[PDB]
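Shown next as structure tokens: one chain only, the form deposited in one PDB entry.
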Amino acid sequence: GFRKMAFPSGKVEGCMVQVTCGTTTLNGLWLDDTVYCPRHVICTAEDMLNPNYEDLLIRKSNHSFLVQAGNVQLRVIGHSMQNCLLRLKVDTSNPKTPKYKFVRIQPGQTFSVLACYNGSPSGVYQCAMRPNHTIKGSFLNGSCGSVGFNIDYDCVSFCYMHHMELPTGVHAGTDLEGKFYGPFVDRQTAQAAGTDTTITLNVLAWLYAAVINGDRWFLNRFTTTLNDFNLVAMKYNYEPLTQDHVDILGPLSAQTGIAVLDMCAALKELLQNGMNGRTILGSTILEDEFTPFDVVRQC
């Protein structure tokens, strides 16, 4: 019964709008009297090679932006730029605005994406911020402005806004203060992601889940120090494990009676010898987007 789950999306659906600037349309996020969207909405295809966004913006007026919340048209009172985001002040304050916060997600953590097209929600799914600051998403044309989030209690933490697809098929975007994750820039360019690495904390959580499921062929009685495990991990493009990660795994360690460093010695052997066709939780590939929190929450 281990599956990826998304947070319920209703609180975010109530904030999704459409923003149109001439020929280009995309999604924006309506909280109180401000609408947030990618700033490349003001761009033409010609402007996309090397845009001067401050120039492009001064040449726009409030009336240049068509903002539609479903049926209603909203009147843009003012506009400003915040990093790679446009902030549109609007006539009307969103009655559906939830309690919210803007957070910067860290590599390895997960969030739900509400994929939207023309301001209309289309689907929800879970994904993770990769170590190389991309996300392996599902985005078609028209998805820019779609938002990633977590929900704790009744408060929505917005963490991601979609901007771009890279030639490798992965996706890039910003936090809700308009700062890109990673070295990417909002212009058509030859940019490519760094070498991705595997989220070791999450592979270890997945192995604990596999043991909880009654799968423990990979266990052994070797010992490893944290330092010696980290040296092998990096050879195989796995992220090194920090002290904090070891403590994050404490609850799963106690539930299974497998010491964290002993699970690390199990993983070290999988890296060095491969699986030899055997499966773990049905797969020959080590899953790395299930967090320790996901495992404990589903037991």
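A residue's number is simply how far along the shown sequence it sits, counting from 1.
Novice: Take the C-alpha B-factors listed in the entry for 65-73 and for 226-234, compute each mean, and give the stretch with the larger one.
Specialist: The deposited B-factors put 65-73 ahead on the C-alpha mean.
Novice: Mean C-alpha B-factor higher for 249-257, or for 42-50?
Specialist: Per the PDB entry, the higher value belongs to 42-50.
Novice: Pick out which of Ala209, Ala192, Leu219, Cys127 has the highest C-alpha B-factor in the PDB entry.
Specialist: Across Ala209, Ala192, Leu219, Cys127, the entry lists the biggest C-alpha B-factor for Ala192.
Novice: Quick one: which of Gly178, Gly169, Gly182, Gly108 has the biggest Cα B-factor according to the entry?
Specialist: That would be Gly169, according to the entry.
Novice: Sort the modelled residues of this chain by their C-alpha B factor and say whether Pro95 lands in the lowest, middle or highest third.
Specialist: Tercile = highest for this residue's CA B-factor.
Novice: For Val12, return the chain-relative third of its C-alpha B-factor as stated in the PDB record: lowest, middle or highest.
Specialist: Lowest third - that is where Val12 ends up once the chain's C-alpha B-factors are sorted.
Novice: C-alpha B factor of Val103, ranked within the chain: lowest, middle or highest third?
Specialist: Within its chain, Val103 is a middle-third residue by C-alpha B-factor, going by the deposited values.
Novice: Ranking the modelled residues of this chain by C-alpha B-factor as given in the entry, is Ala6 in the lowest, middle or highest third?
Specialist: Its C-alpha B-factor, which the entry lists for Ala6, ranks in the lowest third among residues of this chain.
Novice: Mind checking which third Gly78 falls in for C-alpha B-factor across the chain?
Specialist: As the PDB entry reports it, the C-alpha B-factor of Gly78 lands in the highest third of its chain.
If you look for the form deposited in another entry, you will not find it shown, but the lines that follow are about it.
Novice: Of the candidates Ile42, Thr197, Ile135, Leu176, which marks the hinge of the rigid-body movement between this form and the one not shown?
Specialist: Answer by hinge criterion: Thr197.
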